[PDB]
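Let's start with one chain on its own, the form solved without its partner chain, as structure tokens.
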């Protein structure tokens, strides 16, 4: 039942410090809920480039979500989502960085914008992909459907649309009902 779960998040266009911090609180909430399970976590911030904020090895060593995310700085550039997914698949889901070859791979993508690059995510086909689109750039049904190409299928399971960053707490509340932690 081992799961290696990566958070991949961009808040470049949700400038407000309060909004960006809600992204961080959401990841903290999830990790706290799943501490001392067979889940291991990593997190990657993306904008124009990609930064591993902590890898799986760091999680096992420090296992304190507050400490792991203490030094995160808000990147304010673009939204290179194709590049970011390929980065995670080729750089983060790697055994040298503490990833477990036996584990189920789950990628949680958190974005406030449509992608500013193009490409494919063929490298990520063995990864279960959820995407959360947040805020005013996803108010139209059209903009929401552009996120389907990044997510696993069906989109009704793997694509979540939130109208405000305040709604991450309510998404967390609803996710908790789908797990039972022994």
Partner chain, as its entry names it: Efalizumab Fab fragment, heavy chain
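The term rigid core refers to the maximal set of C-alpha atoms that superpose within 1.5 Å between the two forms. Positions refer to the first chain, counted from 1. Residues that one form lacks are left out of the comparison.
- 77-85 and 91-99 differ in mean CA B-factor, and the higher of the two is recorded for 91-99.
- Here the stretch with the larger average CA B-factor, out of 133-141 and 110-118, is 133-141.
- Reading the B-factor column for the CA atoms of 168, 24, 159, 15 in the entry, the top value corresponds to 15.
- When the Cα B-factors of 153, 149, 62, 33 are read from the PDB record, 62 comes out highest.
- Ranked within its chain, residue 127 lands in the middle third, by CA B factor from the PDB record.
- Residue-level temperature factors show residue 43 in the lowest third of its chain, judged at the C-alpha atom.
- The entry lists a Cα temperature factor for residue 58 that places it in the middle third of the chain's modelled residues.
Not on display, but discussed next: the form solved in complex with its partner chain.
- With the partner omitted here, the residue from 125, 148, 70, 61 that has a non-hydrogen atom within 4.5 angstroms of its partner chain in the bound PDB entry is 70.
- A residue is said to contact a partner when one of its heavy atoms sits within 4.5 Å of a partner heavy atom; residue 97 fails this definition for its partner chain in the bound PDB entry, lying far away.
- At a distance threshold of 4.5 angstroms between non-hydrogen atoms, residue 162 is out of contact with its partner chain in the bound PDB entry.
- Superposed on the core, the two forms differ at residue 13: its CA moves 2 Å or more between the shown form and the other one.
- Superposition on the rigid core leaves 13-15 as the sole run of at least three consecutive shared residues whose Cα positions differ by 2 Å or more between the shown form and the other one.
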